[PDB]
């Protein structure tokens, strides 16, 4: 289809600091990709982001009932929804499954790449480390980054560029809020 498209977006945002101690509420309006007016609980009124949203800022700021609704959103909307979903969102904990397998950087005879597959964890914050016989190797570590599977689980590959020796023991260490002690998986040649 060649016909031009026209897109409108609205985003009601709730930003939480230390639980529900400090809460920030944003009411943002977008034409295509461009925000043109927003309400911010730090201000208490609508403010035009671009000249396109100035009529809506003055029009909405003249409606005190509307403004009183937006000023109460941190209590009736943000803290409320946080309380409804905190059991399966804020407190969701899934520990990862850790798999180690060798690979090749280039078509070589021997393997020169140790992959540490860390799959299915939540939340996303995680720290993965490589050790060669109990000594951490910070050189030659390449990662795929934090991959979002889109189903409330994350995954990441952390690869070590190394030439394995006989009797060498590598171990991949994983730290995650779902764990109380570091998860380790070892690999030897």
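Positions refer to the first chain, counted from 1.
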### Task
Pick between 26-34 and 122-130: the one whose mean CA B-factor in the entry is higher.
122-130
### Message
So, looking at the entry's B-factor column for Cα atoms, which has the higher mean, 160-168 or 63-71?
### Response
160-168
### Maximum C-alpha temperature factor, selected from 151, 137, 40, 51
137
### Query
When the modelled residues of the chain are sorted by Cα temperature factor, does residue 142 land in the lowest, middle or highest third?
middle
## Note on the structure
The third of the chain into which the C-alpha temperature factor of residue 189 falls is the highest
### Task
Tell me, lowest, middle or highest third: where does the Cα B factor of residue 21 rank within its chain?
highest
